[PDB]
Amino acid sequence: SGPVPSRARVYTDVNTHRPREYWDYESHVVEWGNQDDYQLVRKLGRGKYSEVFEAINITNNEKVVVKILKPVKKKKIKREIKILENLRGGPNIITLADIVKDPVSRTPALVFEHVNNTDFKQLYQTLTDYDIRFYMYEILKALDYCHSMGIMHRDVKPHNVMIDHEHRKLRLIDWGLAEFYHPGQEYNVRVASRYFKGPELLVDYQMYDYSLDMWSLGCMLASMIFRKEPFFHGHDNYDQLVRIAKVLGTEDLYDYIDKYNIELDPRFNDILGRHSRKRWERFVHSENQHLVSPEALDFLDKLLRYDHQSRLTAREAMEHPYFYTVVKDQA
Ligand SMILES: N#Cc1cnn2c3cc(nc12)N1C[C@H](C[C@H]1CO)OC/C=C\COc1cc(cc2c1NC(=O)CC2)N3
């Protein structure tokens with residue numbers, strides 16, 4: 001007997017009810033533009049599959065971000081391009097302004113909306129309880145939207161959240177790991193970064209869904225309210241589950257393994273041990289307590305669950321008392 005199947009609790013068949021061209025990204029014909037419309041000003045960084053620059057679109061003299069792509073599978077590029085196009089205009093989703101190719105090099109580049117970002121290291125330390133609540137709701141707008149559009153981000157982490165604090169403008173970026181949700185589909189578990197990987201990825205449970213992003217949101221929330229980045233600091237993918245098990249406990253972990261008939265890797269047998277579920281109060285101290293409240297702890301507990309099906313959806317999370325003052329101010 002193999003693993004018990006799983007279906008998303010929400011937006012299950014959204015992609016089945018859409019035209020084939022919506023999710024059939026392999027068939028997408030890419031709309032190239034003029035590489036000479038943009039002039040590179042300076043380097044902003046280097047990704048695994050890209051070189052990032054600040055550019056100026058000369059035709060309308062406006063600041064853009066150019067991601068010059070390193071070789072990666074054409075269908076992976078078609079996937080990111082299709083996802084970005086389906087999500088265009090969505091709340092707090094980065095805008096893909098253009099797709100350009102160097103005439104001589106033949107190397108592709110993606111042009112994005114520029115976000116004058118305040119580095120998450122210097123910013124998070126200055127953030128008030130209201131600021132955390134406000135920006136958490138903004139990420140949730142982006143996740144409810146993309147989930148409702150049949151897409152899982154699969155890489156929610158502080159690096160992929162661009163904030164221009166001065167203009168209170170948040171954008172969920174880097175959709176290169178995103179995928180279309182299809183009921184019954186077994187996905188690649190070697191996605192997301194270590195500290196944000198859901199238990200399903202760590203136990204090698206492939207039939208996952210949008211709820212994976214809700215775990216990553218939980219890890220972000222715990223790091224912000226506890227001033228502990230990263231919250232779950234694993235040495236590898238195996239020790240990462242041990243770090244989670246020391247907090248959430250081993251009983252709920254083995255209950256989850258049993259429920260979905262997961263074949264647990266032999267490595268885990270001698271390292272998971274036996275651990276009680278810890279109360280969130282043990283992470284509370286004098287320099288973080290002004291960010292922690294009963295509403296924050298209730299919310300965080302409802303996101304950080306082993307069983308992906310028992311986690312809050314982005315819509316349920318937006319309806320939690322933690323955001324009552326944020327919701328009130330928006331009206
Ligand atoms: N899509 C998109 C997108 C939109 N804005 N934006 C910015 C950078 C960026 N991508 C975007 N990068 C840079 C690099 C790779 C890529 C992220 O995969 O990661 C390094 C981390 C960010 C450094 O922080 C900045 C990010 C941006 C602009 C500035 C700073 N830092 C300043 O001191 C003022 C100017 N905008």
Side-chain angles (χ1 to χ4, degrees), residues 1-18 22-25 79 83 86 140 142-157 175 177-220 232 237-238 240-241 244-245 247-268 272 277 299-320:
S1 53
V4 175
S6 176
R7 273 184 102 105
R9 193 150 68 75
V10 289
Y11 310 129
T12 319
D13 318 289
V14 295
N15 284 148
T16 309
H17 299 308
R18 293 207 84 132
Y22 183 93
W23 51 265
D24 188 30
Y25 60 86
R79 189 178 66 190
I83 282 170
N86 291 345
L140 282 162
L143 299 175
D144 189 42
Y145 188 74
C146 76
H147 295 163
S148 81
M149 295 297 280
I151 295 151
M152 320 173 255
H153 185 274
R154 310 197 300 170
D155 202 21
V156 177
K157 65 184 186 194
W175 297 85
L177 266 184
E179 197 38 288
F180 285 90
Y181 177 70
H182 300 292
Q185 192 173 320
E186 289 182 301
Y187 294 94
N188 181 10
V189 296
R190 299 171 109 263
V191 296
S193 60
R194 190 193 300 149
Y195 310 135
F196 301 92
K197 283 176 182 291
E200 60 268 59
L201 306 179
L202 307 170
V203 303
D204 186 22
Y205 183 77
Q206 297 189 272
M207 217 174 275
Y208 64 80
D209 55 72
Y210 318 110
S211 59
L212 180 64
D213 292 336
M214 299 311 294
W215 177 272
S216 310
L217 191 72
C219 301
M220 277 196 60
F232 298 116
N237 290 358
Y238 297 96
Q240 191 59 32
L241 195 57
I244 300 171
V247 183
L248 313 195
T250 50
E251 166 99 85
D252 292 353
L253 179 56
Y254 290 119
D255 280 354
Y256 172 61
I257 297 311
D258 293 354
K259 188 187 164 181
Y260 294 98
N261 199 30
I262 295 158
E263 208 231 293
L264 203 74
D265 189 290
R267 273 273 302 133
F268 289 119
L272 294 172
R277 184 173 45 98
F299 176 48
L300 180 66
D301 189 77
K302 282 166 183 183
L303 293 174
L304 291 184
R305 306 288 180 98
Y306 287 114
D307 183 6
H308 50 100
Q309 303 246 242
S310 74
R311 291 172 202 153
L312 283 179
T313 61
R315 190 43 57 178
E316 290 160 349
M318 287 169 82
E319 284 168 358
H320 188 277

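Residue numbers count from 1 along this sequence. FYI, side chains are in, hydrogens and waters are out, and symmetry mates aren't considered; it's all heavy atoms of this structure.
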Subject >> Side-chain donor or acceptor of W23 paired with backbone N/O of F180 under 3.5 Å >> reply: no
Subject >> Those residues that, when tested against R277, pass side-chain hydrogen bond (donor to acceptor under 3.5 Å, both in side chains) (two or more places apart) >> reply: none
**OP:** For the pair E316 (side chain) and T313 (backbone), establish whether a donor and an acceptor sit closer than 3.5 Å, ignoring hydrogens and angles.
**Re:** yes
**OP:** Keeping the roles fixed (side chain from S310, backbone from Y306), state whether a donor-acceptor pair exists under 3.5 Å.
**Re:** no
Subject >> Shortest non-hydrogen separation from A245 to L272 and the atoms involved >> reply: CB-CD2, 4.5 Å
Original post:
In Å and rounded to the nearest 0.5 Å, what is the CD to CZ distance from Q185 to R7?
Top reply: 12.5 Å
**OP:** Starting at OH of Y210, measure out to OG1 of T12 and round the result to the nearest 0.5 Å.
**Re:** 7.0 Å
Original post:
Which distance, rounded to the nearest 0.5 Å, do you find between the CD of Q240 and the OH of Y195?
Top reply: 7.5 Å
**OP:** Tell me, please, which residues at least two apart from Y238 pass side-chain hydrogen bond (donor to acceptor under 3.5 Å, both in side chains).
**Re:** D265
**OP:** List for me each residue that meets side chain to side chain contact (heavy atoms under 4.5 Å, CB included) alongside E263, sequence neighbours excluded, and say none if there are none.
**Re:** none
Throw together a table of side-chain donor-acceptor distances under 3.5 angstrom for residues 196-205, partners on residues two or more places apart or in other chains.
unit_1 : atom_1 : unit_2 : atom_2 : d
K197   : NZ     : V191   : O      : 2.7
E200   : OE1    : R311   : NH2    : 2.8
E200   : OE2    : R311   : NH1    : 2.8
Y205   : OH     : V4     : O      : 2.7
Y205   : OH     : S6     : N      : 3.3

**OP:** Look at the side chain of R154 and the backbone N and O of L177, then say whether any donor-acceptor pair between them is shorter than 3.5 Å.
**Re:** yes
**OP:** Please identify each residue that fulfils side-chain hydrogen bond (donor to acceptor under 3.5 Å, both in side chains) with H320, with sequence neighbours left out.
**Re:** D298
Original post:
Looking at side-chain heavy atoms only, is the closest gap between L212 and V156 below 4.5 Å?
Top reply: no
Subject >> salt bridge (charged side-chain N to carboxylate O under 4.0 Å, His left out) involving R79 - partner list, sequence neighbours excluded >> reply: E179
Original post:
Atom CG in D213, atom CG in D155: separation rounded to 0.5 Å?
Top reply: 9.0 Å
**OP:** Using a 4.5 Å cut-off on heavy atoms from C-beta on, say whether the side chain of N86 contacts that of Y22.
**Re:** yes
Subject >> Contacts of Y187 that satisfy side-chain hydrogen bond (donor to acceptor under 3.5 Å, both in side chains) - sequence neighbours left out >> reply: none
Original post:
Under 6.0 Å between ring centres, would you say that holds for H17 and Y11?
Top reply: no
Original post:
Does the side chain of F232 come within less than 4.5 Å of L304's, by heavy atoms?
Top reply: yes
Subject >> Qualifying residue for ring-ring contact (aromatic ring centres under 6.0 Å, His included) with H308, from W215, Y260, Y208 >> reply: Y260
Subject >> Results of side chain to side chain contact (heavy atoms under 4.5 Å, CB included) for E319 - residues two or more places apart only >> reply: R315
Considering only distance and modelled atom types, tabulate donor-acceptor pairs under 3.5 Å from the side chains of residues 249-259, sequence neighbours left out.
unit_1 : atom_1 : unit_2 : atom_2 : d
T250   : OG1    : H275   : N      : 2.9
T250   : OG1    : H275   : O      : 3.1
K259   : NZ     : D307   : OD2    : 2.8

Subject >> Contacts of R18 that satisfy salt bridge (charged side-chain N to carboxylate O under 4.0 Å, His left out) - sequence neighbours left out >> reply: none
**OP:** Taking side chain to side chain contact (heavy atoms under 4.5 Å, CB included) as the test, write out the residues that go with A314, two or more places apart.
**Re:** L140, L143, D144, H147, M214
Original post:
What residues, two or more places apart in sequence or in another chain, satisfy side chain to side chain contact (heavy atoms under 4.5 Å, CB included) together with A178?
Top reply: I83, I151, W175
